Structures are given as structure tokens and as C-alpha cells.
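Asks: compute the structure for the input listed below.
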Amino acid sequence: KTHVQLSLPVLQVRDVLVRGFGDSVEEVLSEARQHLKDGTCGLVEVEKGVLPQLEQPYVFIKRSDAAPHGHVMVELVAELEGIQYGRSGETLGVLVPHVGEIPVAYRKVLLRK
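Replies: Residues are numbered from 1 along each chain as shown. Find the structure here:
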């Protein structure tokens with residue numbers, strides 16, 4: 001399928017144990033995609049002071065459309081030293097590995113795969 005229904009666990013930034021996906025735009029987008037597929041991906045909601053607590057490059061989920069079965073359609077955009085790789089809508093949050101942190105909520109998304 002071109003799209004996959006996912007429910008992403010929303011994590012508090014101070015709980016996150018593994019604060020990024022790797023060391024290059026290409027690696028983080030690769031790893032984020034693999035973790036999304038394996039159900040091992042969390043979401044951190046971006047606010048003042050969140051991003052400096054996480055590791056660059058960042059992977060964002062961004063709204064790609066204006067929501068089948070409650071799932072907002074999103075795509076991946078990566079960011080390194082203020083340059084973004086991809087073009088999309090509003091940020092729903094930053095992706096990180098999920099290694100057993102207790103979520104505060106779930107974000108239903110339809111991921112363009």
C-alpha cells in the first residue's frame with residue numbers, strides 16, 4: 001500500500017532514551033521509515049525548548065492533506081543545520097525511536113510510504 005494507518009505513541013521529551021535516528025539526513029529518514037514500519041517509532045510534540053533536547057538531524061511528520069478513519073495524512077521531512085529535505089504542511093511532531101517509554105497519548109496518522 002502507498003499509505004499505512006499508524007497510531008504513534010506520544011512521548012514526553014524528558015522521557016526519551018534515544019533522541020534521534022542517526023547521523024545523516026539519509027540515515028535518519030531511512031531509520032524513521034523502518035521504525036514506523038516495525039511499530040518502534042514515537043512522536044514528540046514540538047514546543048519551545050523541545051528540539052534543542054533532541055539530536056540532529058531531526059525527522060518531522062508534517063500534514064500532507066486537509067483524514068481517513070481519524071488518521072491525518074502525513075509525510076516525513078528531515079532537518080539539519082536549518083535546512084529541510086522535503087516540503088510539506090504543518091509539523092505534528094518530531095519522530096524518535098520508541099524503546100518502551102510510557103506515552104501520554106496516541107497520534108493517528110496515515111503515512112505516505
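
Asks: burial measure for the residue nearest to residue 53 when sequence neighbours are not counted, as a count.
Replies: In space, residue 53 comes closest to residue 13 once its chain neighbours are excluded; the distance is 5.0 Å by Cβ to Cβ, 6 or more residues apart in numbering. Backbone N, C-alpha and C define where each C-beta goes, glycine included. When counting by other Cβ atoms under 10 Å, one arrives at 18 neighbours for residue 13.

Asks: which ones are touching residue 107?
Replies: Residues in contact with residue 107 (Cβ atoms under 8 Å, 6 or more residues apart in numbering) are 7, 8, 10, 43, 72, 92, 93.

Asks: what is the nearest of the residues you listed to residue 112?
Replies: Nearest to residue 112, judged by Cβ to Cβ, of those is residue 72 at 11.5 Å.

Asks: now do that closest one against residue 62, distance only.
Replies: According to Cβ to Cβ, to the nearest Å, residue 72 stands 10 Å off from residue 62.

Asks: which neighbours do these two have in common?
Replies: residue 92.

Asks: buried subset of the contacts of residue 107?
Replies: With burial judged by 16 or more other Cβ atoms under 10 Å, the buried subset of the contacts of residue 107 is 8, 10, 43, 72, 92, 93.

Asks: please enumerate the strands of this protein.
Replies: Taking DSSP state E as the test, the strands found in the chain are 3-10, 41-44, 58-63, 72-80, 83-85, 91-97, 105-112.

Asks: which strands or helices does the third one pack on?
Replies: For strand 58-63, the elements it packs on are helix 25-38, strand 72-80, strand 91-97, judged by 3 or more Cβ pairs under 8 Å, 6 or more residues apart in numbering; DSSP states H and E.
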